[PDB]
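K.L.:
This structure is in structure tokens; I'll ask about it shortly.
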Amino acid sequence: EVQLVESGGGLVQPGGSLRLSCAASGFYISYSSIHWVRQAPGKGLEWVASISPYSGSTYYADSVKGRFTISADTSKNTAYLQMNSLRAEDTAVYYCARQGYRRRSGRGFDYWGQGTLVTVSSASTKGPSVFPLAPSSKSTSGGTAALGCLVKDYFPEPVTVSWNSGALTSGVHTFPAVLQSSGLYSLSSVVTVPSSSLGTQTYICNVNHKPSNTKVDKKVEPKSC
Amino acid sequence: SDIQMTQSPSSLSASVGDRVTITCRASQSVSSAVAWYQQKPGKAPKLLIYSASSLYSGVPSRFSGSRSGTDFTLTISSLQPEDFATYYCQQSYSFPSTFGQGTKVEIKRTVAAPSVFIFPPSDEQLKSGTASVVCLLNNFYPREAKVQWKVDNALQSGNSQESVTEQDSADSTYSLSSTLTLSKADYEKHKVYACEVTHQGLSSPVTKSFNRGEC
RNA sequence: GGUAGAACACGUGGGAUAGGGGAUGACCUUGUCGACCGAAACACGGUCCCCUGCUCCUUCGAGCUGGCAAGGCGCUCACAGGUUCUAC
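Just so you know, the sequences run in chain order H and L.
Residue numbers for the first sequence follow the authors' numbering, so the first one is 4 and each next one is one higher.
Residue numbers for the second sequence follow the authors' numbering, so the first one is 1 and each next one is one higher.
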């Protein structure tokens with residue numbers, strides 16, 4: 004089970020440093036090339052750097068030359084990307100990818116990581132407020148009703164929203180965050196459920212914000228009417 | 001000079017079962033060391049094509065890749081509802097390796113009217129000192145839609161935000177949220193609040209309203 | 001001490017247009033320009049000539065070219081000279 008787990012990303016001041024780690028499992032990085040590629044929010048994939056398996060040769064992009072440094076540990080089986088003098092241009096989700104074997108595939112990156120977010124901003128961290136959007140009593144007695152949660156006034160990205168501790172997936176819609184005028188982020192997560200089960204099934208939304216270490220399990224109940 | 005790869009088009013929308021081709025032109029000769037990746041919104045890219053003309057093990061046969069000198073074509077013979085993503089070409093001929101601008105492939109669908117719901121501010125939010133009223137447009141197509149807010153039968157502008165989800169991979173629909181934010185004093189100063197939605201799937205603007213303080 | 005010859009290692013000056021109806025010394029190194037392997041884009045270790053040519057008593061054989069370029073060595077021609085040996 005080839006997998007890459009990344010870590011070390013977060014909020015960095017404009018000009019600081021940060022070291023991202025990329026642990027591998029199911030294979031040894033000593034026999035493969037490891038690439039780092041970044042993606043700014045709403046932009047395309049940008050190749051950052053790469054390190055080769057038997058020589059340790061490194062290659063960097065013209066926009067991160069000198070500031071960034073890619074490395075790898077065979078004994079710990081983990082790649083690293085040390086970035087210094089970070090600017091707003093470097094705010095992005097960073098992925099580490101394994102360049103597949105030359106017989107099986109070619110020079111393409113067969114396995115990738117889920118990525119880690121790096122925000123280069125001098126703004127501060129704020130935990131979100133979670134409010135229930137209860138199903139309306141006057142909904143014309145439809146077959147299905149809608150209920151959700153509003154996650155408002157937090158910074159920076161991201162928040163993880165689930166339902167029933169990750170038990171309700173079908174019909175769930177977690178809208179992308181919207182940067183409002185207060186510099187904070189706000190989003191909603193709604194779900195469509197049969198209205199005949201609002202009085203029996205308990206619907207709870209679970210919101211996690213790791214940058215502020217705030218977890219909220221907000222129960223959504225329809226108001227008495 | 002590094003090797004830039006111009007991808008074409010930047011976006012398209014094809015029907016289910018359609019044959020979609022995406023081209024990628026290299027600035028110079030890159031041999032056959034190009035790859036085609038598929039990336040879901042907020043997800044890790046998957047390797048679809050390696051070595052220009054070879055599909056990665058496990059990729060369905062509907063994906064294919066071809067090379068004509070510096071041009072590289074990624075084809076989908078019969079588009080599927082699960083093929084919604086941004087596709088990228090990446091050269092591995094020399095360092096620094098570069099990607100393409102990307103082609104966000106949309107799935108064309110029959111027009112579907114939205115389901116409109118409205119949510120008044122929570123009591124917890126009223127305790128916090130603000131009031132955000134939410135308007136939900138669920139499961140519709142196409143993505144274009146207009147939402148207006150009426151506070152005591154009066155239009156609002158500038159004090160409302162909106163967000164749009166990505167296409168579902170089983171129905172190719174969209175969902176839109178519209179949040180109108182006010183202070184507690186401004187929310188309590190008025191009475192009725194209405195969300196008016198105009199969409200192509202509707203023959204008349206659908207209005208969902210509520211009187212504050214009443215259920 | 002002389003004459004003549006040979007075997008070596010040399011010096012100088014030259015020589016090398018052409019591959020299936022036949023190129024090359026199918027040497028060494030470097031640069032290069034390509035594909036493909038070893039878990040391997042660079043570095044490391046390798047592969048890419050059936051025929052044909054050359055070599056050899058690996059002789060139904062066996063060994064030496066992915067291409068190009070330069071340099072070195074080698075092959076060949078001429079001019080002598082040096083060392084050793086042989087004969088008179």
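In this text, a Cβ means the ideal position worked out from N, Cα and C, and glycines have one as well.
#1: State buried or exposed for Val5(H), treating a residue as buried only when at least 16 other CB atoms are found within 10 Å of its CB.
#2: Determine which residues share a DSSP beta bridge with residue 216(L) and list them.
#3: Which bits of chain H does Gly102(L) rub up against, with CB to CB less than 8 Å?
#4: Could you tell me the distance, in whole angstroms, from the CA atom of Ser58(H) to the CA atom of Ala170(L)?
#5: Verify the CB distance criterion: does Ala43(H) have a CB-CB separation below 8 Å to chain L?
#6: Is the shortest distance between the beta-carbon of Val181(H) and the beta-carbons of chain L less than 8 Å?
#7: Which residues bound the beta strand (DSSP E) around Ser142(H)?
#8: Counting only runs that start and end within the segment 54-138 of chain H, where is the beta strand (DSSP E) found for 3 or more residues in a row?
#9: Which term fits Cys215(L), buried or exposed, when burial requires 16 or more other beta carbons within 10 angstroms of its beta carbon?
#10: In the DSSP output, which residue or residues are listed as bridge partners for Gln161(L)?
#11: Could you name the residues of the same chain whose beta carbon sits closer than 7 Å to that of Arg143(L), not counting the 5 residues immediately before and after it, in chain order?
#12: Is there contact here, the segment 94-101 of chain H with the segment 23-37 of chain H, by at least three beta-carbon pairs under 8 Å?
#13: Do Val210(H) and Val164(H) have their CB atoms nearer than 8 Å?
#14: Is the segment 114-126 of chain L touching the segment 89-98 of chain H, taking contact as three or more C-beta pairs under 8 Å?
#15: DSSP three-state label for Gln125(L), please.
#16: Nearest by alpha-carbon distance to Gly19(H): which of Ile54(H), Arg107(H) and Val123(H) is it?
#17: Comparing the C-beta of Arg110(H) with each C-beta of chain L, is any distance below 8 Å?
#18: Closest Cβ-Cβ distance between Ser189(H) and chain L: below 8 Å?
#19: I'd like the span of the beta strand (DSSP E) that includes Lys184(L), first residue to last.
#20: Am I right that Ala75(H) and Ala64(H) are in contact with their C-beta atoms under 8 Å? What's the rounded C-beta distance?
#21: Report the rounded CA-to-CA distance for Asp71(L) versus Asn216(H), giving the unit in angstroms.
#22: Would you report the Cα separation of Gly47(H) and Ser125(H), rounded to the nearest angstrom?
#23: What three-state label does DSSP hand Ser78(L) in the structure shown?
#24: Considering Cα atoms alone, identify which of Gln161(L), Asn159(L), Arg19(L) and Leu176(L) is closest to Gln167(L).
#25: Look at the Cβ atom of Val193(H), then the Cβ atom of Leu120(H), and state whether they are nearer than 8 Å.
#26: For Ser199(H), which of helix, strand or coil comes out of DSSP?
#27: Using only alpha-carbon positions, find the residue among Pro159(H), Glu160(H), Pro131(H) and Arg107(H) that is nearest to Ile49(L).
P.N.:
Checking against the coordinates, here is how it stands:
#1: It is exposed - the Cβ of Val5(H) has fewer than 16 other Cβ atoms within 10 Å.
#2: Nothing in the structure corresponds to residue 216(L), since chain L is present only between 1 and 215.
#3: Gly47 and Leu48
#4: 46 Å
#5: no
#6: yes
#7: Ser142(H) -> no beta strand (DSSP E), and no H or E assigned at all.
#8: 61-63, 71-76, 81-86, 95-102, 112-115, 119-123 and 132-136
#9: Its Cβ having fewer than 16 others within 10 Å, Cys215(L) is exposed.
#10: Bridge pairing for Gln161(L): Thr179(L) [DSSP].
#11: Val164 and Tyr174
#12: Contact between the segment 94-101 of chain H and the segment 23-37 of chain H is present, because at least three Cβ pairs lie under 8 Å.
#13: Against a cut-off of 8 Å, the Cβ pair of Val164(H) and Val210(H) comes out as a contact.
#14: no
#15: In this structure, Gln125(L) counts as helix in the three-state DSSP scheme.
#16: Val123(H)
#17: yes
#18: yes
#19: Unbroken run through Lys184(L) is the alpha helix (DSSP H), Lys184 to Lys189; no beta strand (DSSP E).
#20: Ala75(H) to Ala64(H), Cβ: 18 Å. No contact.
#21: 48 Å
#22: 25 Å
#23: It is coil, neither helix nor strand.
#24: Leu176(L)
#25: Result no, Cβ atoms of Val193(H) and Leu120(H) do not sit closer than 8 Å.
#26: Taken through DSSP and simplified to helix, strand or coil, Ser199(H) comes out as helix.
#27: The shortest C-alpha separation from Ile49(L) is found at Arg107(H).
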